[PDB]
């Protein structure tokens, strides 16, 4: 038997020439304090309120864990 | 038997030409002192308060242990 | 020096922007003066050129794009 | 000398910034005058050029990108 085969192919392509930006953000670190709520005084915010405040601060951050952004929110009486 | 094979491939690529920045931070070292709380005097801050103060200082640092940043917070009566 | 002060002022500008936005989105809920925020952001300042060049896999013959071919087949018995 | 003083002033500037931020984020909790912070930061000042050139692995034939081929097969019995 025999089988000789010569081929020539053709290739698809892509060329991306990207000149990146000077001055972008690599990581965010946001520390948030909130006061206790005084109504008539020693009342901390509930867990659902702290959770949704964390939600709002995360979304106002532009929070992106690919960049490794860190957010910490605490509640304490002021002075 | 026989099997002769000649091939020619094609290769993907990437070229990154990075001119790094002159003046960036390699390591942070932050030492924090806090006073005792005097209410009516010798009252140190509790462990949860010291822990969340460490949290806030870590997040306000931009603390990144890849760079080997070091933080130490102590509580002591002032003078 | 001047480039360093420009980098520091630009960083402080972005910190002021995000700090003001966090103060504006939270103060209607908890009150006008019951919240503070502090932002520390690491920036890049390295000029980064890049050049990708992808290719598409054409191993399987059902999506190959041939241009020539020279198939010879002999046989004896 | 002047470059050294520029490096020292830039380091002191970054120390002042982080020190002021730590003093601002903690003083509403513990009080106005019950906290001090000190920052010591090591900086780099070496110009660092870099040139990566990655390639993609094409060992397996199902993602190879061929351009030519010359497969000959003989056989006897």
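Protein chains in written order, with the entry's author numbering: chain L, 358 to 397, 400 to 438; chain P, 358 to 397, 400 to 438; chain C, 228 to 304; chain B, 228 to 304. All C-beta atoms, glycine included, are put in the ideal place defined by N, C-alpha and C.
In whole angstroms, give me the CA-to-CA distance for residue i and residue j.
| i | j | result |
| --- | --- | --- |
| residue 293 (chain C) | residue 278 (chain B) | 36 Å |
| residue 431 (chain L) | residue 387 (chain L) | 6 Å |
| residue 301 (chain B) | residue 375 (chain P) | 52 Å |
| residue 268 (chain C) | residue 423 (chain L) | 13 Å |
| residue 284 (chain B) | residue 429 (chain P) | 40 Å |
| residue 368 (chain P) | residue 286 (chain C) | 14 Å |
| residue 362 (chain P) | residue 281 (chain C) | 25 Å |
| residue 359 (chain P) | residue 365 (chain L) | 22 Å |
| residue 414 (chain P) | residue 408 (chain P) | 10 Å |
| residue 383 (chain L) | residue 245 (chain C) | 15 Å |
| residue 390 (chain L) | residue 253 (chain C) | 11 Å |
| residue 275 (chain C) | residue 425 (chain L) | 19 Å |
| residue 236 (chain C) | residue 230 (chain C) | 10 Å |
| residue 273 (chain C) | residue 401 (chain P) | 51 Å |
| residue 296 (chain C) | residue 298 (chain B) | 11 Å |
| residue 290 (chain C) | residue 427 (chain L) | 41 Å |
| residue 288 (chain B) | residue 228 (chain C) | 54 Å |
| residue 406 (chain L) | residue 403 (chain P) | 27 Å |
| residue 232 (chain B) | residue 370 (chain P) | 44 Å |
| residue 394 (chain L) | residue 394 (chain P) | 21 Å |
Using a Cβ cut-off of 8 Å, pull out every chain P residue sitting near residue i, in sequence order please.
| i | result |
| --- | --- |
| residue 387 (chain L) | 418 |
| residue 303 (chain C) | Near residue 303 (chain C) there are no residues of chain P at all, since even the closest Cβ is about 15 Å away, more than 8 Å. |
Hey, is residue i's beta-carbon within less than 9 Å of any beta-carbon in chain B?
| i | result |
| --- | --- |
| residue 364 (chain L) | yes |
| residue 407 (chain P) | no |
| residue 411 (chain L) | no |
| residue 358 (chain L) | yes |
What residues of chain B sit near residue i, judged by a beta carbon separation below 9 Å?
| i | result |
| --- | --- |
| residue 371 (chain P) | 279, 280, 281, 282 and 283 |
| residue 292 (chain C) | Simply none; closest approach about 11 Å. |
Should residue i go down as buried or exposed, given a rule of 16 or more other Cβ atoms within 10 Å for buried?
| i | result |
| --- | --- |
| residue 420 (chain P) | buried |
| residue 416 (chain P) | buried |
| residue 239 (chain C) | exposed |
| residue 436 (chain P) | exposed |
| residue 411 (chain L) | exposed |
| residue 255 (chain C) | exposed |
| residue 208 (chain C) | Given a span of 228 to 304 for chain C in the structure shown, any question on residue 208 (chain C) remains unanswerable. |
| residue 303 (chain C) | exposed |
| residue 418 (chain P) | buried |
| residue 248 (chain B) | buried |
| residue 434 (chain L) | buried |
| residue 385 (chain P) | buried |
| residue 392 (chain L) | buried |
When the cut-off is 9 Å and only beta carbons count, does residue i lie next to chain C?
| i | result |
| --- | --- |
| residue 404 (chain L) | yes |
| residue 415 (chain L) | yes |
| residue 394 (chain L) | yes |
For residue i, which residues in chain B fall below 8 Å Cβ to Cβ?
| i | result |
| --- | --- |
| residue 431 (chain L) | Result: empty, since nearest Cβ-Cβ is about 10 Å, beyond 8 Å. |
| residue 265 (chain C) | 248, 251 and 252 |
Please confirm whether residue i has its beta-carbon closer than 9 Å to some beta-carbon of chain L.
| i | result |
| --- | --- |
| residue 422 (chain P) | yes |
| residue 243 (chain C) | no |
Name the chain C residues whose beta carbon is nearer than 7 Å to that of residue i?
| i | result |
| --- | --- |
| residue 375 (chain P) | 273 and 275 |
If you measure from the beta carbon of residue i to each beta carbon in chain P, is any gap under 9 Å?
| i | result |
| --- | --- |
| residue 288 (chain C) | no |
| residue 384 (chain L) | yes |
| residue 391 (chain L) | no |
| residue 259 (chain B) | no |
| residue 299 (chain B) | yes |
What does residue i reach in chain P if we use C-beta pairs closer than 9 Å?
| i | result |
| --- | --- |
| residue 368 (chain L) | 367 |
Can you name the residues of chain C whose CB is closer than 8 Å to the CB of residue i?
| i | result |
| --- | --- |
| residue 380 (chain P) | 230, 231 and 234 |
In terms of alpha-carbon separation, which member of the options lies closest to residue i?
| i | options | result |
| --- | --- | --- |
| residue 396 (chain L) | C:263, C:257, C:264 and C:274 | C:257 |
| residue 399 (chain L) | P:372, P:380, P:379 and P:381 | The structure shown gives no position for residue 399 (chain L): in chain L, residue numbering passes from 397 to 400 with nothing in between. |
| residue 271 (chain C) | P:425, P:390 and P:381 | P:381 |
| residue 251 (chain B) | B:241, B:262 and B:288 | B:262 |
| residue 379 (chain L) | C:234, C:243 and C:248 | C:234 |
| residue 266 (chain C) | C:291, C:298 and C:242 | C:242 |
| residue 398 (chain P) | B:288, B:299 and B:260 | Placed between 397 and 400 in the numbering, residue 398 (chain P) has no coordinates, as chain P goes from one to the other without interruption by modelled residues. |
Can you list the residues of chain B that residue i reaches, using a CB-CB cut of under 7 Å?
| i | result |
| --- | --- |
| residue 361 (chain L) | 299 |
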